[PDB]
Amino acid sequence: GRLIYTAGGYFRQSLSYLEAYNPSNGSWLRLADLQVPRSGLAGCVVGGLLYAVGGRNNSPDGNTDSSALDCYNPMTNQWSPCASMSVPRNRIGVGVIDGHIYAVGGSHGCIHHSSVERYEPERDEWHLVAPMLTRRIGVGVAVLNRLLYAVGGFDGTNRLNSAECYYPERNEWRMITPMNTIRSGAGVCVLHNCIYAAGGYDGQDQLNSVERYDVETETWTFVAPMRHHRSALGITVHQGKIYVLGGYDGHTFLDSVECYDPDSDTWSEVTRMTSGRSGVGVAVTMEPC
């Protein structure tokens, strides 16, 4: 039995909460807080360990974009610092391939990244790889068939609907079919043969629409929309289902957690986080202790 981990986030100020949800009994667990508060970060799992990457600490004492990478061990319930990225990345995108972590775009100060970095766990090192064709922050990133996808985001001027794909063996980026909707800060994940883009901000209102890209047919298609509209949401897949946690709808920071079942193409409210928030890194791994 695995769990859904939610790290950091934002509600009134960046939070350092590490909470976990168990789909089996619907309960939550609070774990060791993050050493430093952060939101706009990305989470991911490698070799059973949880990684909190980038983000920003939006506090009263001031904003501080982070280039930190920290590891959380369910076995000990403790956070250990790792090699830091060559640059701070707020509202970062993250994906994993062959046990390697890819940090995509994000922002630093008023600058929007197009750069990308790859982290080697065993050697504990980061190295820059080919930069995206576009500068993107608030970008959603997912990995399918060992290929990395960068969807939507913001290049400083316009919210994007475009997306591209990175092919490791060639260290090159290639644009792909753009989405039907301009999406910034959407939850992007992979389920079966599709890359999902849920919610986000199109420059006018937080979205509740969800579209998926078929790598084969190379086209996007709208599926059942989520109950709530939500941007800067946490997302992840668990036992053939999409889970979207929190986010901002333009009025309040949501605490609702919706679940998507492809079979019946329907969403359901499955639980609520201990409290509403946005920009939280999400990932799945073994339960603690």
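Numbers for residues come from their place in the sequence shown, where the first is 1.
Undergrad: Out of 252 to 260 and 219 to 227, which one has CA B-factors that are higher on average in the deposited record?
TA: According to the entry, 252 to 260 carries the higher average C-alpha B-factor.
Undergrad: So which stretch wins on mean C-alpha B-factor, 229 to 237 or 28 to 36?
TA: Averaged over C-alpha atoms, the B-factors run higher in 28 to 36.
Undergrad: In the PDB entry, which of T177, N73, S84, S115 has its C-alpha at the highest B-factor?
TA: Each of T177, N73, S84, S115 was compared by C-alpha B-factor; the highest is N73.
Undergrad: Going by the CA temperature factor in the PDB record, which third of the chain does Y119 belong to: lowest, middle or highest?
TA: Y119: CA B-factor falls in the middle third of its chain.
Undergrad: Grab the CA temperature factor for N158 from the record and place it in the lowest, middle or highest third of its chain.
TA: Highest third.
Undergrad: Going by the recorded CA B-factors, say which third of the chain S184 sits in, lowest, middle or highest.
TA: Bottom third by C-alpha B-factor.
Undergrad: Based on the entry's values, in what third of the chain does the Cα temperature factor of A198 lie: lowest, middle or highest?
TA: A198: CA B-factor falls in the lowest third of its chain.
Undergrad: Give the position of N90 by CA B-factor within its chain, expressed as the lowest, middle or highest third.
TA: As the PDB entry reports it, the C-alpha B-factor of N90 lands in the middle third of its chain.
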